[PDB]
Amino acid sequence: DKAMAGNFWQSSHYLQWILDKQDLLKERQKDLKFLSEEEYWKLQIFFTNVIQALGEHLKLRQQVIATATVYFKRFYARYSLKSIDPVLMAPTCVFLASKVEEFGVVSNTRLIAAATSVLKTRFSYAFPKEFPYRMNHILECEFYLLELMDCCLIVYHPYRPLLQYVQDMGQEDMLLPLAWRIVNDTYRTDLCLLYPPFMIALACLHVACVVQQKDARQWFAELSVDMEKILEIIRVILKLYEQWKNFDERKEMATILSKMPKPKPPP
């Protein structure tokens, strides 16, 4: 779906949902009373993976899964993890993102079945109990998500510009599978809230060239871009993989999830 493809600079994504890093950290401080900074980024990785798995189960294309992931991040960029259960928010984000597409629909039974099946077969280390939410809960949550996002549903991602850049290099076969995979990994971080997607694409492509020992220095020099901002992104990607190495989500997530601030019940 190429709807609005060249409109990023006048888009709601750019004008409203590219956030300041210090505004992000300030709002995060309320959840940092319960979880450490390390534990917070580990939770983000966990729910990125949950959303990926839900999307794969439903056979949604990568771009739909990415949009869903961005919805999730935008919600918790503003609000505490206690506000709505992230276990409910994740499938709600996938459901809403799938409805922005007109090529096929995700049914109600299929959404709930997919949430139930993915959590029990792929995430039982984190969830001993069955997915407790029914479809009325998803529909309620959807209204809150749409409201928080100020109805901003069209999300731009690095996949489209990455594809253009590698085709411009003449190195699609060698570099695209790795570069694409690295773009997927950037959703384990805040990068999508902080930088235009084409910059994230350029960084992923740089890391892919370094990993494969491809000299693309002249090609990067031929671009008109702020390479300081690209290097900032590269550092977050390189750090992501060290975090990945040292993180065992399977051993740690049950404990980390138990430290999440819990919803205040009604009086």
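The term rigid core refers to the maximal set of C-alpha atoms that superpose within 1.5 Å between the two forms. A residue's number is simply how far along the shown sequence it sits, counting from 1.
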Following superposition on the rigid core, is the mean squared CA displacement, expressed as RMS, greater for 157-165 or for 96-104 in 9 other deposited structures of this protein? 96-104
Higher-scoring stretch by recorded Cα B factor average, 34-42 or 59-67: 34-42
Regarding 85-93 and 159-167, which shows the higher C-alpha temperature factor on average in the entry? 159-167
Comparing recorded Cα B-factors across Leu111, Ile138, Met174, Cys192, which one is largest? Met174
Would you mind ranking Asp150 by its C-alpha B-factor against the rest of the chain and naming the third, lowest, middle or highest? middle
For the chain shown, is the CA B-factor of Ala115 in the lowest, middle or highest third of its modelled residues? middle
Report the third (lowest, middle or highest) to which the CA temperature factor of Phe72 belongs, ranking only the modelled residues of the same chain. lowest
Quick one: classify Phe143 as lowest, middle or highest third of the chain based on its Cα B-factor. middle
C-alpha B factor of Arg188, ranked within the chain: lowest, middle or highest third? lowest
